[PDB]
């Protein structure tokens, strides 16, 4: 499968290319990235080497939250309308 979805995935990619201070997230490589609504929220599970670099990737996505958000911005243009959200594993996938 792919559809627009894959398109969105390739979108963020197009950014990382030349973007994202110090190539990092470029290693991530999502394998799920749930699309919330359409382009409102993007729960990128991220799947770098083996989570051994996530700290770097996820940490990058934090500051890269700008370029990323800009991606969806290329289309829409509103706070509560588009934006990417970093995810690792449902936050925790448990309680504590």
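Every read-out reported here was derived from the displayed coordinates using simple, explicitly stated rules and does not represent laboratory data. With ideal geometry, Cβ positions are generated from the backbone for all residues, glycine too; neighbour counts draw on all protein chains shown.
Counting just the residues of the range 1-19 that are under 23 Å from residue 50 (Cβ atoms) and out of contact with any helix residue (DSSP H, G or I) (no Cβ under 6 Å at 6 or more places or on another chain), which one comes out surrounded by the fewest Cβ atoms within 10 Å (Cβ to Cβ)? Across the range 1-19, the extreme among qualifying residues is 13.
Residue count for the range 47-61 satisfying the condition of being farther than 25 Å from residue 77 by Cα and buried (at least 18 other Cβ atoms within 10 Å of the Cβ): 3. For the residues 64, 81, the requirement of being at negative phi and out of contact with any helix residue (DSSP H, G or I) (no Cβ under 7 Å at 6 or more places or on another chain) singles out 81. Of all the listed residues (33, 71), the sole one being buried (at least 19 other Cβ atoms within 10 Å of the Cβ), within 24 Å of residue 92 (Cα to Cα) and either free of Cβ contacts under 8 Å to residues at least 12 places away in the same chain or in contact with a helix residue (DSSP H, G or I) (Cβ under 7 Å, 6 or more places away or on another chain) (or both) is 33.
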